[PDB]
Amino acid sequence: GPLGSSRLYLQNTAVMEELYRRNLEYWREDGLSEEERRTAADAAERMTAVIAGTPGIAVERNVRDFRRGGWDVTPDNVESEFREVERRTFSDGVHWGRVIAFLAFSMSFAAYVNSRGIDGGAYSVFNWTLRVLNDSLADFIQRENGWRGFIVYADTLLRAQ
(Lines of atoms letter the chains of each structure in order from A and count residues from 1; the text may use other names and numbers.)
(Lines give C-alpha, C1' and ligand atoms only; values in the text may rest on other atoms or scores of the structure.)
Protein backbone atom coordinates (compact mmCIF):
# COMPACT_ATOMS: atom_id res chain seq x y z
CA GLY A 1 0.00 0.00 0.00
CA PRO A 2 1.00 3.64 0.55
CA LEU A 3 3.96 5.12 2.43
CA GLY A 4 4.48 3.76 5.91
CA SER A 5 1.90 1.00 5.42
CA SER A 6 3.48 -1.29 8.03
CA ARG A 7 3.17 1.26 10.83
CA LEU A 8 -0.33 2.27 9.72
CA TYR A 9 -1.52 -1.34 9.91
CA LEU A 10 -0.44 -1.54 13.54
CA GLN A 11 -1.86 1.89 14.30
CA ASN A 12 -5.18 1.12 12.59
CA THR A 13 -5.34 -1.99 14.78
CA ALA A 14 -4.83 0.07 17.94
CA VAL A 15 -7.42 2.66 16.89
CA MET A 16 -9.98 -0.11 16.34
CA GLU A 17 -9.24 -1.86 19.65
CA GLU A 18 -9.64 1.44 21.51
CA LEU A 19 -12.72 2.45 19.52
CA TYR A 20 -14.58 -0.82 20.07
CA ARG A 21 -13.61 -0.91 23.75
CA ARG A 22 -14.83 2.65 24.32
CA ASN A 23 -18.22 2.06 22.67
CA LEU A 24 -19.16 -1.59 23.25
CA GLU A 25 -15.07 -8.74 24.75
CA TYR A 26 -17.23 -10.44 22.12
CA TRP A 27 -15.69 -8.57 19.14
CA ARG A 28 -12.29 -10.22 19.74
CA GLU A 29 -10.92 -13.77 19.81
CA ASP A 30 3.61 -4.66 19.15
CA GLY A 31 5.94 -2.60 16.96
CA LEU A 32 4.49 0.80 17.83
CA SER A 33 6.35 3.63 19.47
CA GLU A 34 4.66 4.79 22.65
CA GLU A 35 3.86 7.93 20.65
CA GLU A 36 1.91 6.12 17.94
CA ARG A 37 0.05 4.01 20.51
CA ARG A 38 -0.92 7.22 22.30
CA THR A 39 -2.06 8.95 19.10
CA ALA A 40 -4.22 5.91 18.31
CA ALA A 41 -5.97 6.09 21.69
CA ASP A 42 -6.47 9.85 21.39
CA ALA A 43 -7.98 9.41 17.92
CA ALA A 44 -10.34 6.72 19.18
CA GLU A 45 -11.35 9.05 22.01
CA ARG A 46 -12.11 12.05 19.78
CA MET A 47 -13.94 9.85 17.29
CA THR A 48 -16.05 8.39 20.10
CA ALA A 49 -16.91 11.96 21.09
CA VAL A 50 -17.80 12.98 17.53
CA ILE A 51 -20.01 9.90 17.15
CA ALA A 52 -21.86 10.48 20.43
CA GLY A 53 -22.52 14.08 19.40
CA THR A 54 -23.91 12.93 16.03
CA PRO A 55 -27.32 11.33 16.68
CA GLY A 56 -27.67 9.94 13.15
CA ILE A 57 -24.73 7.58 13.73
CA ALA A 58 -24.93 7.02 17.50
CA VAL A 59 -24.03 3.41 18.25
CA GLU A 60 -26.98 2.45 20.48
CA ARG A 61 -29.57 4.21 18.32
CA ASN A 62 -28.41 2.30 15.25
CA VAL A 63 -28.51 -1.11 16.93
CA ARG A 64 -32.09 -0.24 17.86
CA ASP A 65 -32.83 0.65 14.23
CA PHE A 66 -31.23 -2.53 12.87
CA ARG A 67 -33.37 -4.65 15.20
CA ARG A 68 -36.59 -2.78 14.46
CA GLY A 69 -36.02 -3.23 10.73
CA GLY A 70 -35.43 -6.95 11.18
CA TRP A 71 -32.19 -6.74 9.21
CA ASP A 72 -31.84 -10.19 7.61
CA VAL A 73 -28.27 -11.13 8.53
CA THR A 74 -27.17 -14.78 8.76
CA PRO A 75 -23.78 -16.55 8.89
CA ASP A 76 -24.07 -16.97 5.11
CA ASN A 77 -24.83 -13.41 3.97
CA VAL A 78 -23.38 -11.27 6.75
CA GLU A 79 -20.23 -10.36 4.82
CA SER A 80 -22.14 -9.39 1.68
CA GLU A 81 -24.45 -7.25 3.81
CA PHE A 82 -21.41 -5.53 5.31
CA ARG A 83 -19.79 -5.07 1.88
CA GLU A 84 -22.93 -3.42 0.48
CA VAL A 85 -22.98 -0.88 3.31
CA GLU A 86 -19.29 -0.26 2.63
CA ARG A 87 -19.78 0.17 -1.12
CA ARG A 88 -22.63 2.64 -0.71
CA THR A 89 -20.97 4.63 2.10
CA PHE A 90 -17.92 5.50 -0.03
CA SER A 91 -19.42 5.41 -3.53
CA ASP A 92 -19.27 9.23 -3.82
CA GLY A 93 -15.72 9.35 -2.44
CA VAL A 94 -13.83 9.24 0.84
CA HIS A 95 -13.52 11.89 3.53
CA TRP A 96 -13.13 11.83 7.30
CA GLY A 97 -16.87 12.20 7.91
CA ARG A 98 -17.70 9.03 5.99
CA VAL A 99 -14.84 7.21 7.74
CA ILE A 100 -16.27 8.21 11.13
CA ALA A 101 -19.78 7.20 10.07
CA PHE A 102 -18.61 3.85 8.67
CA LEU A 103 -16.66 3.02 11.83
CA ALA A 104 -19.67 3.95 13.96
CA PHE A 105 -21.75 1.66 11.76
CA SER A 106 -19.24 -1.16 12.16
CA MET A 107 -19.60 -1.07 15.94
CA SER A 108 -23.41 -0.98 15.77
CA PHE A 109 -23.33 -3.79 13.20
CA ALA A 110 -20.93 -5.91 15.29
CA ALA A 111 -23.19 -5.58 18.33
CA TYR A 112 -26.22 -6.34 16.13
CA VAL A 113 -24.87 -9.51 14.54
CA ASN A 114 -23.64 -10.71 17.93
CA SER A 115 -27.19 -10.15 19.20
CA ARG A 116 -28.41 -12.27 16.28
CA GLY A 117 -26.45 -15.27 17.55
CA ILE A 118 -23.98 -15.25 14.66
CA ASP A 119 -20.96 -17.05 16.11
CA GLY A 120 -17.84 -15.08 15.26
CA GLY A 121 -20.02 -12.36 13.74
CA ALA A 122 -18.70 -9.34 15.65
CA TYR A 123 -15.12 -10.65 15.41
CA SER A 124 -15.47 -10.90 11.62
CA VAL A 125 -17.01 -7.41 11.43
CA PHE A 126 -14.07 -6.04 13.43
CA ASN A 127 -11.55 -7.79 11.16
CA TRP A 128 -13.27 -6.72 7.93
CA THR A 129 -13.46 -3.12 9.15
CA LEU A 130 -9.83 -3.07 10.26
CA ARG A 131 -8.84 -4.23 6.77
CA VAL A 132 -11.00 -1.60 5.06
CA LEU A 133 -8.76 0.91 6.86
CA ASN A 134 -5.63 -1.05 5.88
CA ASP A 135 -6.49 -1.71 2.23
CA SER A 136 -9.10 0.71 0.87
CA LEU A 137 -8.88 3.85 3.04
CA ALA A 138 -5.12 3.84 3.68
CA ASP A 139 -4.32 6.24 0.84
CA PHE A 140 -6.87 8.73 2.17
CA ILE A 141 -5.70 8.32 5.78
CA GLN A 142 -2.05 8.94 4.89
CA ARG A 143 -2.95 11.86 2.59
CA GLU A 144 -4.70 13.57 5.52
CA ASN A 145 -1.70 13.18 7.86
CA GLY A 146 -2.71 9.89 9.44
CA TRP A 147 -4.31 9.58 12.84
CA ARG A 148 -2.38 12.66 13.93
CA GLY A 149 -4.29 14.56 11.27
CA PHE A 150 -7.55 12.99 12.37
CA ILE A 151 -7.10 14.44 15.86
CA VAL A 152 -6.66 17.94 14.40
CA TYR A 153 -9.75 17.35 12.25
CA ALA A 154 -11.76 15.98 15.18
CA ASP A 155 -10.78 18.75 17.61
CA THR A 156 -12.11 21.19 15.01
CA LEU A 157 -15.40 19.27 14.92
CA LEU A 158 -15.72 19.17 18.71
CA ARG A 159 -15.08 22.91 18.91
CA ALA A 160 -17.97 23.25 16.44
CA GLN A 161 -20.17 20.68 18.19
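Residue numbers run from 1 along the displayed sequence.
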Gap size between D30 and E29, counted in deposited residues that the entry leaves unmodelled
4 to 9
Would you mind checking whether any residues of the deposited sequence sit unmodelled between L24 and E25, and how many (none, 1 to 3, 4 to 9, 10 or more)?
10 or more
Higher avg CA temperature factor (38-46 vs 104-112, as deposited) belongs to 38-46
With B-factors read from the PDB entry, the higher C-alpha mean of 81-89 and 68-76 is in 68-76
Lowest, middle or highest third - CA B-factor, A52
highest
